[PDB]
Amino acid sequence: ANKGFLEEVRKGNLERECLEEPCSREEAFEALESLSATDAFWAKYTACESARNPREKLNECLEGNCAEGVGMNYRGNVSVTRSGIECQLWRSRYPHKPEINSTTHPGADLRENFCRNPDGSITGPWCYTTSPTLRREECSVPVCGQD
């Protein structure tokens, strides 16, 4: 956050500016070393916008081993759909040619074939499936703070 005085004279610091305080994308950018690090952090930050307090809750949301809300923050390793179909690699163009990818959604961490929710689908983290007849399907990932 910018407490309009001389704070913007200091080197950016993610802990001070974006974790202990809410921040704008540009503040995150100023605190990071690349656009790549900035797109990833921003996607995580906005996906956890409402899991801001306490800090332990925010850190769990940002780590992403569980889904918060619709799971846009999810960064775990589940790679199978809820019906048990093995996920297709995001980078593969077979058996489905992805219309969502690294370029369209930078920051979403579309890696290997891990379930992700880059588009905010209301049914949660999903993946393109290796079944030729089922383009995509959601996955089963723990909800943050569940049981």
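When you see a residue number, it is the position in the sequence shown, counting from 1.
- Relative to its counterpart among 53-61 and 87-95, 53-61 has the higher mean temperature factor, C-alpha atoms as listed in the PDB entry.
- For the segment pair 39-47 and 99-107, the entry gives 99-107 the higher mean B-factor, averaged over Cα atoms.
- Ranked by C-alpha B-factor against the other modelled residues of its chain, residue 16 falls in the lowest third.
- The deposited CA B-factor of residue 113 belongs to the lowest third of values across its chain.
- Sorting the modelled residues of the chain by their CA temperature factor places residue 130 in the lowest third.
- For residue 30, the recorded CA B-factor ranks within the middle third of the chain. Only modelled residues enter the ranking.
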